[PDB]
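One structure below.
Residue numbers (the entry's author numbering): 1 to 9, 22 to 324.
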């Protein structure tokens, strides 16, 4: 699923901006710095609860700058999202539906080694979902499955395919102005990356899990305040057929994220939303290759997000 932060599982028009500041203290005990600015120039949402069907389109301009000892990378791209959602009531507080979501990105990378390499990436997500809500106990849940297919052409650098499934279970309750929930997530995925050659860069098996409590207070005559904390792990196990000396090497990650946000209507039509996210990820290898200063790679990330939309 897209990592857009504008919505969570008649219409609106919106715009947003996202800034991501990222420092990785890597296996060489040095710092790789990345700054990404995402400009969502326009999004559009269509709600037709008469067909019980939703549509969503988004247009983003992305600029990423990467710097580290002896290397830089600049990428400028355009990212479009198209998402459909046909729901279906089952009665008695049950409901199902099917979300299709296509995220398509065209970018160009500049670095000491390439002077404008064109990348094209297509991410397909299909998610059947099942929701339930109980009025007496003010409790219920969201749950979905996902087939995920990701195709990337990187020309001189070769191609990459990721194919995968995930499950998501999110029970939640309401009391007063409070809503508390815990999101449970699991993902499995295979990765295939080759050079134009057919030469293999990566052949690996991936899995990820996390738990994400979310707390939400809704003010009576103001907006909504919320916080989500994620604790997760994932593993990337290379097969013996991998490239880059990763053959047989396993990567293990611990993930911690904390997010604070505030959403508030302005007048009867506008809605503004601001959100901050601190993330920390620690990676280790099952086998060094010999060059590393240490067996630890540590990501620290700050993200700021602001959105305004106009409902109608």
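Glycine included, every Cβ here is placed at the ideal spot set by N, Cα and C.
#1: In whole angstroms, what is the alpha-carbon distance linking residue 47 and residue 310?
#2: By a C-beta neighbour count over all protein chains shown, 10 Å radius and 16 as the cutoff for buried, is residue 260 buried or exposed?
#3: Looking at the unbroken beta strand (DSSP E) that takes in residue 178, where does it start and where does it end?
#4: Can you tell which of 245, 238 and 215 has the C-alpha that lies nearest to the C-alpha of residue 251?
#5: Just how far apart, CA to CA, sit residue 55 and residue 302?
#6: Should the region 64-77 be regarded as contacting the region 87-105, the criterion being three or more beta carbon pairs within less than 8 angstroms?
#7: Within the same chain, show all residues whose beta-carbon is closer than 6 angstroms to that of residue 145, passing over the 5 residues directly before and after it, in chain order.
#8: Please go through the region 51-78 and give each complete alpha helix (DSSP H) segment of 4 or more residues, from N-terminal end onward.
#9: Please report the residue range of the beta strand (DSSP E) in which residue 92 lies.
#10: Buried or exposed for residue 328, please, with buried defined as at least 16 other CB atoms from any protein chain shown within 10 angstroms of its CB.
#11: Report the option in 217, 173 and 162 whose CA atom is closest to the CA atom of residue 263.
#12: Roughly how many angstroms lie between the CA atoms of residue 274 and residue 236, to the nearest whole one?
#13: Would you mind giving the Cβ-Cβ distance between residue 157 and residue 139, rounded to the nearest angstrom? I have them listed as a contact below 8 angstroms.
#14: Per DSSP, which one or two residues make a beta bridge with residue 16?
#15: Around the Cβ of residue 4, are there at least 16 other Cβ atoms within 10 angstroms (buried) or fewer (exposed)?
#16: Between which two residues does the beta strand (DSSP E) carrying residue 279 extend?
#17: Who are residue 288's beta bridge partners in DSSP?
#18: Between the C-alpha atoms of residue 33 and residue 317, what's the straight-line distance to the nearest angstrom?
#19: According to DSSP, simplified to helix, strand and coil, what is residue 259?
#20: Specify the secondary structure class of residue 134 as computed by DSSP and reduced to three states.
#21: Give me the Cα-Cα distance between residue 248 and residue 299, rounded to the nearest whole angstrom.
#22: Going by alpha carbons, who is nearest to residue 117 out of 101, 148 and 70?
#23: Spatial neighbours of residue 85 within its chain, please: CB distance less than 7 angstroms, with the 5 preceding and 5 following residues excluded, ordered by chain position.
#24: Near residue 41, what residues of its chain come up, given a Cβ to Cβ distance below 8 angstroms and the 5 sequence neighbours on each side ignored?
#25: In the structure shown, what three-state DSSP assignment does residue 167 receive?
#26: Between the C-alpha atoms of residue 149 and residue 270, what's the straight-line distance to the nearest angstrom?
#27: With DSSP as the reference, please indicate the residues paired to residue 8 in a beta bridge.
#28: Can you tell me the Cβ-Cβ gap for residue 267 and residue 297, rounded? I've got them flagged as a contact below 8 angstroms.
#29: Identify which residue in 166, 212 and 97 has its Cα closest to the Cα of residue 119.
#30: Where does residue 253 land, buried or exposed, given buried means 16+ other C-beta within 10 angstroms?
#31: Looking at residue 211: is its Cβ nearer than 8 angstroms to the Cβ of residue 279?
#32: Within 10 angstroms of the Cβ of residue 127, are there 16 or more other Cβ atoms? Answer buried if so, exposed if not.
To lay it out plainly:
#1: Position 35 of the chain shown, counting from 1, holds the residue named residue 47. Position 298 of the chain shown, counting from 1, holds the residue named residue 310. For residue 47 and residue 310, the distance between alpha carbons rounds to 16 angstroms.
#2: Residue numbering aside, residue 260 sits at position 248 when the chain shown is read from its first letter. Looking at its Cβ environment, which holds fewer than 16 other Cβ atoms inside 10 Å, residue 260 is exposed.
#3: By 1-based counting over the chain shown, the position of residue 178 is 166. Here the beta strand (DSSP E) through residue 178 covers 171-187.
#4: Numbered from its first residue, the chain shown carries residue 251 at position 239. Of 245, 238 and 215, the residue nearest in Cα terms is 215.
#5: By one-based count along the chain shown, residue 55 stands at place 43. By one-based count along the chain shown, residue 302 stands at place 290. Using only the alpha carbons, I get a separation of about 48 angstroms.
#6: Yes, the region 64-77 touches the region 87-105.
#7: For this step, residue 145 is matched to residue 133 along the chain shown. Answer for residue 145: 105 and 152, listed in chain order.
#8: The qualifying runs do not exist here; there are none.
#9: Working through the chain shown from its first residue, we reach residue 92 at position 80. Where residue 92 is concerned, the enclosing beta strand (DSSP E) stretches over 83-103.
#10: Within the shown structure, residues of the chain are numbered from 1 to 324, placing residue 328 beyond reach of any answer.
#11: In the chain shown, the residue the question calls residue 263 occupies position 251. Of the listed residues, the one whose Cα sits closest to residue 263 is 217.
#12: The count along the chain shown starts at 1 and reaches residue 274 at position 262. The count along the chain shown starts at 1 and reaches residue 236 at position 224. Between the alpha carbons of residue 274 and residue 236 lies a distance of about 6 angstroms.
#13: Within the chain shown, numbered from 1, the residue matching residue 157 stands at position 145. Within the chain shown, numbered from 1, the residue matching residue 139 stands at position 127. So it is a contact: roughly 7 angstroms between Cβ atoms.
#14: Absent from the coordinates is residue 16, which sits in the stretch where the chain moves from 9 straight to 22.
#15: On the chain shown, residue 4 is found 4 positions in, with the first residue counted as 1. Buried, by the Cβ-count rule.
#16: In the chain shown, the residue the question calls residue 279 occupies position 267. Looking at the DSSP string, residue 279 is not in any beta strand (DSSP E), and its letter there is neither H nor E.
#17: In the chain shown, residue 288 corresponds to position 276, counting from 1. Residue 288 is bridged by DSSP to 272 and 316.
#18: Residue mapping note: residue 33 aligns to position 21 of the chain shown, counting from 1. Residue mapping note: residue 317 aligns to position 305 of the chain shown, counting from 1. Roughly 12 angstroms separates the two Cα atoms.
#19: Here residue 259 is taken as the residue at index 247 of the chain shown, counted from 1. Correct three-state label for residue 259: coil.
#20: For this step, residue 134 is matched to residue 122 along the chain shown. Here residue 134 sits in strand by DSSP.
#21: By one-based count along the chain shown, residue 248 stands at place 236. By one-based count along the chain shown, residue 299 stands at place 287. In this structure, the straight-line span from the alpha carbon of residue 248 to that of residue 299 is close to 13 angstroms.
#22: Within the chain shown, residue 117 is the residue found at index 105, counting from 1. Distances from the CA of residue 117 to each of 101, 148 and 70 were compared; the closest alpha carbon is that of 70.
#23: If you number the chain shown from 1, residue 85 lands on position 73. Within the same chain, residue 85 has close Cβ partners 78, 121 and 123.
#24: The residue you call residue 41 lines up with position 29 of the chain shown. Here residue 41 has 305 and 306 as same chain residues with Cβ atoms under 8 angstroms from its own Cβ, once five neighbours each way along the sequence are excluded.
#25: For the purposes of this step, residue 167 is taken as residue 155 along the chain shown, with counting starting at 1. Helix, per DSSP.
#26: Looking up residue 149 in the chain shown gives position 137. Looking up residue 270 in the chain shown gives position 258. Their backbone Cα atoms lie some 28 angstroms apart in a straight line.
#27: Counting from one through the chain shown, the residue named residue 8 turns up at place 8. Residue 8 has no beta-bridge partner at all, per DSSP.
#28: Residue 267 sits at position 255 when you count from the first residue of the chain shown. Residue 297 sits at position 285 when you count from the first residue of the chain shown. Not really, about 17 angstroms apart at Cβ, beyond 8 angstroms.
#29: On the chain shown, position 107 is the one that residue 119 refers to. It is 166 whose Cα lies nearest to the Cα of residue 119.
#30: Counting from one through the chain shown, the residue named residue 253 turns up at place 241. When all chains shown are included, residue 253 counts as exposed.
#31: Here residue 211 refers to the residue found at position 199 when the chain shown is read from its first residue. Here residue 279 refers to the residue found at position 267 when the chain shown is read from its first residue. At a Cβ-Cβ threshold of 8 angstroms, residue 211 and residue 279 do not count as neighbours.
#32: The count along the chain shown starts at 1 and reaches residue 127 at position 115. Within a 10 Å sphere around the beta-carbon of residue 127 sit fewer than 16 other beta-carbons, which makes this residue exposed.
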